[PDB]
């Protein structure tokens, strides 16, 4: 937690839908880096309990904010390629590491 000042990776902004999932998954801010995004999202499933007893790597929940987001009522977590894609397209605004000065009306 104590590094210096600039040591944060570029974080993206999840869609208002995915956002809430993070919001309830322990996320607070509106933007999050893929790691954090993929982190709260994974917890969002276990918490809501979208996984099947049979297969633990299976997530099929017809009534779920996540399902309505990805646009499917069933998906396996074995093919990260598929998920990694849909989750990436669920980002409204993308933030990058650049010089962004704040305006506090103080001069």
For n ≥ 4 DSSP H runs only, could you compute -39500 (n - 2.57) per run for the chain, divide by its residues and tell me the 222 nm figure to the nearest 500?
-> -10500 deg cm²/dmol
Once the Cβ-Cβ distance between residue 73 and residue 7 is put in as r, and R0 is 41 Å, what FRET efficiency do you end up with, to the nearest 0.05?
-> 0.55
Simple spin-label model, 7 Å along Cα-to-Cβ: residue 33 to residue 48 in nm?
-> 2.6 nm
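Given a cut-off of under 8 Å on Cα pairs at least six residues apart, what relative contact order in percent is computed for region 49-101?
The normalised contact order for region 49-101 reaches 23 percent.
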Mark the label point 7 Å from the Cα of residue 98 along Cα→Cβ and return the residues of region 2-19 whose backbone N is within less than 16 Å of it.
-> 10-13
Which length gain, in nm to one decimal place, applies between residue 85 and residue 55 when the Cα-Cα distance is subtracted from 0.36 nm times their residue separation?
-> 8.6 nm
Please report Rg over Rh for the chain, where both radii come from the alpha carbon positions and Rh follows the Kirkwood definition.
-> 1.07
Report relative contact order for the chain in percent, whole number only (criteria: Cα-Cα under 8 Å, sequence separation at least 6).
-> 30 percent
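We did not get these values from a lab; they are worked out from the coordinates using the rules stated. For neighbour counting, all protein chains shown are included, and Cβ atoms are generated from backbone atoms with ideal geometry for every residue, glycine included.
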